[PDB]
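Undergrad: model_22.txt (compact mmCIF, C-alpha atoms) pasted underneath:
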```txt
# COMPACT_ATOMS: atom_id res chain seq x y z
CA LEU I 9 16.37 35.29 -2.41
CA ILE I 10 13.36 32.98 -1.92
CA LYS I 11 10.42 35.25 -2.81
CA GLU I 12 6.68 34.76 -2.14
CA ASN I 13 6.35 33.48 -5.77
CA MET I 14 9.18 31.25 -7.05
CA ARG I 15 9.38 29.26 -10.28
CA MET I 16 11.20 25.95 -10.61
CA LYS I 17 12.59 23.90 -13.51
CA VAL I 18 13.55 20.20 -13.32
CA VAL I 19 15.53 17.72 -15.45
CA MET I 20 15.27 14.06 -14.40
CA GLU I 21 17.18 11.20 -16.07
CA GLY I 22 17.53 7.59 -15.12
CA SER I 23 16.23 4.05 -15.52
CA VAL I 24 13.79 1.64 -13.81
CA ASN I 25 14.31 -2.16 -14.36
CA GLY I 26 16.72 -1.18 -17.22
CA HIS I 27 14.20 1.12 -19.03
CA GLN I 28 15.97 4.46 -19.68
CA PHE I 29 14.01 7.74 -19.57
CA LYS I 30 14.19 11.52 -19.31
CA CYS I 31 11.58 13.94 -17.96
CA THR I 32 11.46 17.73 -17.84
CA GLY I 33 9.25 19.86 -15.60
CA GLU I 34 8.49 23.48 -14.84
CA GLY I 35 6.21 25.01 -12.29
CA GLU I 36 5.76 27.52 -9.49
CA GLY I 37 4.62 27.90 -5.93
CA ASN I 38 4.48 29.89 -2.69
CA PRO I 39 7.50 28.75 -0.60
CA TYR I 40 6.21 30.35 2.62
CA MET I 41 2.76 28.67 2.22
CA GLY I 42 4.31 25.29 1.33
CA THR I 43 2.31 25.01 -1.93
CA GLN I 44 3.66 24.21 -5.41
CA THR I 45 2.56 22.81 -8.79
CA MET I 46 4.64 21.37 -11.61
CA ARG I 47 3.89 20.32 -15.18
CA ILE I 48 5.97 17.30 -16.27
CA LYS I 49 6.65 15.79 -19.71
CA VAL I 50 8.26 12.45 -20.51
CA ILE I 51 10.67 13.58 -23.27
CA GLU I 52 12.70 10.33 -23.72
CA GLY I 53 11.74 6.65 -23.17
CA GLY I 54 7.99 7.27 -23.17
CA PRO I 55 5.48 5.71 -22.75
CA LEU I 56 7.15 4.51 -19.54
CA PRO I 57 6.73 0.68 -18.99
CA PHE I 58 6.32 1.43 -15.23
CA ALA I 59 4.19 3.55 -12.91
CA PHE I 60 4.96 7.28 -13.06
CA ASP I 61 4.17 7.24 -9.27
CA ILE I 62 7.69 5.84 -8.55
CA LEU I 63 9.16 9.05 -10.07
CA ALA I 64 6.58 11.45 -8.55
CA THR I 65 8.29 11.73 -5.14
CA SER I 66 11.61 12.78 -6.80
CA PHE I 67 10.33 15.96 -8.49
CA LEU I 68 8.41 17.15 -5.44
CA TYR I 69 8.94 14.92 -2.39
CA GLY I 70 12.10 16.56 -3.92
CA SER I 71 11.15 20.28 -3.68
CA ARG I 72 11.90 21.08 0.00
CA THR I 73 12.28 24.90 -0.55
CA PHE I 74 8.41 24.94 -0.53
CA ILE I 75 7.71 24.01 3.08
CA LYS I 76 5.69 26.26 5.36
CA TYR I 77 7.89 26.58 8.48
CA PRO I 78 6.66 28.30 11.71
CA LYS I 79 9.04 31.06 12.99
CA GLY I 80 10.34 28.85 15.84
CA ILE I 81 11.53 25.93 13.66
CA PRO I 82 14.59 27.05 11.57
CA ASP I 83 14.24 26.53 7.80
CA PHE I 84 17.38 24.64 6.69
CA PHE I 85 16.33 24.69 3.01
CA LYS I 86 15.62 28.41 2.56
CA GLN I 87 18.74 29.32 4.59
CA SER I 88 20.96 27.29 2.21
CA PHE I 89 20.56 29.83 -0.69
CA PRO I 90 22.09 31.25 -2.81
CA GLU I 91 24.20 28.07 -3.04
CA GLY I 92 21.28 25.64 -2.44
CA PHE I 93 21.42 22.04 -1.21
CA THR I 94 21.52 18.44 -2.44
CA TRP I 95 19.58 15.36 -1.39
CA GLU I 96 20.45 11.66 -1.68
CA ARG I 97 17.85 8.97 -1.12
CA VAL I 98 17.41 5.23 -1.00
CA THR I 99 13.82 3.92 -1.16
CA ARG I 100 12.98 0.23 -0.51
CA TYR I 101 9.58 -1.01 -1.75
CA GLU I 102 7.55 -3.92 -0.34
CA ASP I 103 7.93 -7.09 -2.52
CA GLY I 104 11.25 -5.90 -3.97
CA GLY I 105 12.34 -2.71 -5.66
CA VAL I 106 15.12 -0.35 -4.73
CA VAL I 107 15.38 3.21 -6.01
CA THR I 108 18.49 5.31 -5.52
CA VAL I 109 18.21 9.09 -6.14
CA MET I 110 20.75 11.95 -6.24
CA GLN I 111 19.35 15.52 -6.50
CA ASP I 112 20.87 19.01 -6.86
CA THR I 113 18.90 22.17 -6.02
CA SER I 114 20.34 25.46 -7.36
CA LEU I 115 19.08 29.02 -7.80
CA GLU I 116 19.87 30.53 -11.28
CA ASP I 117 18.66 34.01 -12.34
CA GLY I 118 15.88 33.93 -9.69
CA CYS I 119 14.55 30.44 -10.72
CA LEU I 120 15.00 27.20 -8.75
CA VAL I 121 16.75 24.57 -10.88
CA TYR I 122 16.61 20.85 -10.03
CA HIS I 123 18.70 18.04 -11.53
CA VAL I 124 17.62 14.51 -10.55
CA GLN I 125 19.34 11.16 -11.22
CA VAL I 126 17.05 8.07 -10.60
CA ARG I 127 17.98 4.35 -10.74
CA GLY I 128 15.31 1.74 -9.94
CA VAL I 129 16.10 -2.02 -9.89
CA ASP I 130 14.52 -5.33 -8.85
CA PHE I 131 10.81 -4.38 -9.19
CA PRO I 132 9.02 -7.72 -9.80
CA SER I 133 7.98 -8.08 -13.49
CA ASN I 134 4.31 -8.84 -12.71
CA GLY I 135 4.01 -6.42 -9.73
CA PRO I 136 1.85 -3.22 -9.63
CA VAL I 137 4.84 -0.91 -10.40
CA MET I 138 5.98 -2.70 -13.60
CA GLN I 139 2.30 -3.48 -14.58
CA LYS I 140 1.14 0.19 -14.13
CA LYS I 141 -1.52 -0.69 -11.47
CA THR I 142 -0.71 2.07 -8.92
CA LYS I 143 -3.15 4.75 -7.76
CA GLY I 144 -0.96 7.48 -6.20
CA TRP I 145 0.62 8.20 -2.83
CA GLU I 146 -1.19 8.51 0.46
CA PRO I 147 -0.42 11.68 2.46
CA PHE I 148 2.82 11.18 4.38
CA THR I 149 4.86 12.59 7.26
CA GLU I 150 8.64 13.04 6.90
CA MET I 151 10.54 13.08 10.21
CA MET I 152 13.48 15.51 10.05
CA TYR I 153 16.56 14.92 12.23
CA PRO I 154 19.69 17.11 12.60
CA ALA I 155 22.79 15.20 11.35
CA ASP I 156 26.30 16.75 11.35
CA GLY I 157 25.19 20.10 9.80
CA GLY I 158 22.60 18.63 7.41
CA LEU I 159 19.24 16.86 7.86
CA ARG I 160 18.23 13.22 7.76
CA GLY I 161 14.66 12.80 6.42
CA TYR I 162 12.71 9.63 7.27
CA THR I 163 9.34 8.70 5.67
CA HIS I 164 7.34 5.45 5.72
CA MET I 165 4.89 5.95 2.72
CA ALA I 166 2.08 3.82 1.18
CA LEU I 167 1.70 3.53 -2.58
CA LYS I 168 -1.94 2.77 -3.44
CA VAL I 169 -2.51 -0.20 -5.80
CA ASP I 170 -5.58 -1.42 -7.78
CA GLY I 171 -7.95 -3.60 -5.70
CA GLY I 172 -7.62 -1.56 -2.45
CA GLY I 173 -4.01 -2.61 -1.61
CA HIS I 174 -0.88 -0.67 -0.71
CA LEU I 175 2.83 -1.24 -1.08
CA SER I 176 4.76 0.04 1.94
CA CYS I 177 7.86 2.06 1.05
CA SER I 178 10.65 3.49 3.30
CA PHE I 179 12.59 6.66 2.32
CA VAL I 180 15.84 7.70 4.03
CA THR I 181 17.06 11.02 2.65
CA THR I 182 20.22 12.96 3.43
CA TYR I 183 19.92 16.72 2.85
CA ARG I 184 23.29 18.55 2.59
CA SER I 185 23.87 22.31 2.30
CA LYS I 186 26.14 23.58 -0.49
CA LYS I 187 26.69 26.88 1.37
CA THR I 188 30.34 27.99 1.15
CA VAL I 189 29.94 31.43 2.75
CA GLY I 190 27.56 32.37 5.59
CA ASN I 191 25.63 30.64 8.36
CA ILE I 192 22.81 28.12 8.79
CA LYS I 193 20.75 28.04 11.97
CA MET I 194 20.11 24.35 12.52
CA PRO I 195 16.60 23.13 13.51
CA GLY I 196 15.88 20.44 16.08
CA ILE I 197 13.89 17.30 15.33
CA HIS I 198 10.62 18.12 13.57
CA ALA I 199 8.05 16.64 11.17
CA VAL I 200 6.85 17.74 7.73
CA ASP I 201 3.33 16.69 6.63
CA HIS I 202 3.18 16.29 2.82
CA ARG I 203 0.28 15.85 0.39
CA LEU I 204 1.41 14.91 -3.15
CA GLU I 205 -1.36 14.71 -5.75
CA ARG I 206 -1.07 13.62 -9.40
CA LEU I 207 -3.75 15.50 -11.46
CA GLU I 208 -4.44 16.37 -15.15
CA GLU I 209 -2.67 13.22 -16.49
CA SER I 210 -2.67 12.12 -20.14
CA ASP I 211 -3.75 8.53 -21.01
CA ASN I 212 -0.18 7.04 -21.03
CA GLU I 213 1.32 9.39 -18.34
CA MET I 214 3.40 11.32 -20.99
CA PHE I 215 2.05 14.54 -19.36
CA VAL I 216 1.41 14.77 -15.59
CA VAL I 217 0.67 17.71 -13.30
CA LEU I 218 1.84 17.26 -9.69
CA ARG I 219 0.61 19.40 -6.78
CA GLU I 220 2.25 19.33 -3.37
CA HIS I 221 1.46 20.83 0.03
CA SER I 222 4.20 20.62 2.71
CA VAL I 223 3.82 22.01 6.28
CA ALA I 224 6.41 21.70 9.12
CA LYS I 225 5.34 20.92 12.72
CA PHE I 226 6.79 19.82 16.08
CA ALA I 227 7.51 16.08 16.27
```
Could you write out this structure as structure tokens?
TA:
Amino acid sequence: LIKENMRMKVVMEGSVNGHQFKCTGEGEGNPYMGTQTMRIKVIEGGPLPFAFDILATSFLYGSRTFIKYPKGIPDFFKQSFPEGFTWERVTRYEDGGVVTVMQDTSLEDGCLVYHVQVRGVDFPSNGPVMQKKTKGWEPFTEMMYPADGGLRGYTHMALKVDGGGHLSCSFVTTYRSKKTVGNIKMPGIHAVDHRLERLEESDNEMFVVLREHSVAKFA
């Protein structure tokens, strides 16, 4: 079901500090090489009065079908099809800011389909997120842990800010299979190294291309 080339489509809706928005994306990648690209438009609530970087990890640090797994580490995500999987996340940001995310991953007529619900609160008004002074995500390692027939994902990420700073951010994600028939071979503890790059942006972040590279390894 997961071919060497797979397309994906994404609808994201939510709010940050009360500012409502909607984004749509489409893209493609090589699930077995862990590489993917997505073109994203802000279709409602644009221009966003906050850094697009806070959303970036939910379209893609939200696309876990595109991880390169070695034979000996079972692939929870590709095994979950045709039904797919969900992920739920809470992210806490240095200096205040909490983002809660719920995501559904489905496969419809050979295309991966993502729905994402985002709610950000308590970002300080004069901070880099609400002032649009962020400079992208550093590469990051997500630790994957087996948890009662799904996976717990743990990442401690650094959002770059203007003037050479970072904001530390902690991501706890629960990945749950929607499989109603069939089996999943469960992996052990492992790591996934991710590189998420924002390229080809428009001036006010109404159009953004994201590129991600995700490779699994022993912990």
Undergrad: Mind dumping a table of every stretch 13-74 of chain I residue within 12 Å of stretch 156-171 of chain I, with the nearest atom pair and its distance in Å to one decimal, using all atoms listed in the file, sorted by chain and rising number, as a Markdown table?
TA:
```
| residue | atom | partner | partner_atom | distance |
| --- | --- | --- | --- | --- |
| I:59 | CA | I:169 | CA | 10.5 |
| I:60 | CA | I:167 | CA | 11.6 |
| I:61 | CA | I:167 | CA | 8.0 |
| I:62 | CA | I:167 | CA | 8.8 |
| I:63 | CA | I:167 | CA | 11.9 |
| I:64 | CA | I:167 | CA | 11.1 |
| I:65 | CA | I:165 | CA | 10.3 |
| I:69 | CA | I:163 | CA | 10.2 |
| I:70 | CA | I:161 | CA | 11.3 |
| I:72 | CA | I:161 | CA | 10.8 |
```
Undergrad: So how many Å separate atom CA of residue I:84 and atom CA of residue I:193, to one decimal?
TA: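 For atom CA of residue I:84 relative to atom CA of residue I:193, the distance reads 7.1 Å.
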Undergrad: With 9 Å as the threshold, what does the neighbourhood of (5.8, 28.5, 17.1) contain in terms of residues, counting only C-alpha atoms? Coordinates are those of the file; answer as an NGL selection string.
TA: :I and (78-81 or 225-226)
Undergrad: Using all atoms listed in the file, can you tell me which of I:209, I:220, I:52, I:130 comes closest to residue I:148?
TA: I:220
Undergrad: Which one of I:176, I:38, I:133, I:43 sits closest to residue I:24 if you count all atoms listed in the file?
TA: I:133
Undergrad: Given the choices I:186, I:68, I:113, I:154, which gets closest to residue I:205 if the distance is worked out from all atoms listed in the file?
TA: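 Of the candidates, the smallest distance to residue I:205 is held by I:68.
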Undergrad: Can you tell me which residues surround residue I:188 at a distance of at most 12 Å, considering all atoms listed in the file, apart from same-chain residues fewer than 3 positions away, and format the answer as a ChimeraX atom specification?
TA: /I:88-93,184-185,191-192
Undergrad: Kindly save the residues from that selection, with C-alpha atoms included, as a short mmCIF file (atom, residue, chain, number, x, y, z; two decimals), keeping the file's coordinate frame.
TA:
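Resulting contents of selection-v5.cif:
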```
data_model
loop_
_atom_site.label_atom_id
_atom_site.label_comp_id
_atom_site.auth_asym_id
_atom_site.auth_seq_id
_atom_site.Cartn_x
_atom_site.Cartn_y
_atom_site.Cartn_z
CA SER I 88 20.96 27.29 2.21
CA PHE I 89 20.56 29.83 -0.69
CA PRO I 90 22.09 31.25 -2.81
CA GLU I 91 24.20 28.07 -3.04
CA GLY I 92 21.28 25.64 -2.44
CA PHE I 93 21.42 22.04 -1.21
CA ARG I 184 23.29 18.55 2.59
CA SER I 185 23.87 22.31 2.30
CA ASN I 191 25.63 30.64 8.36
CA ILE I 192 22.81 28.12 8.79
#
```
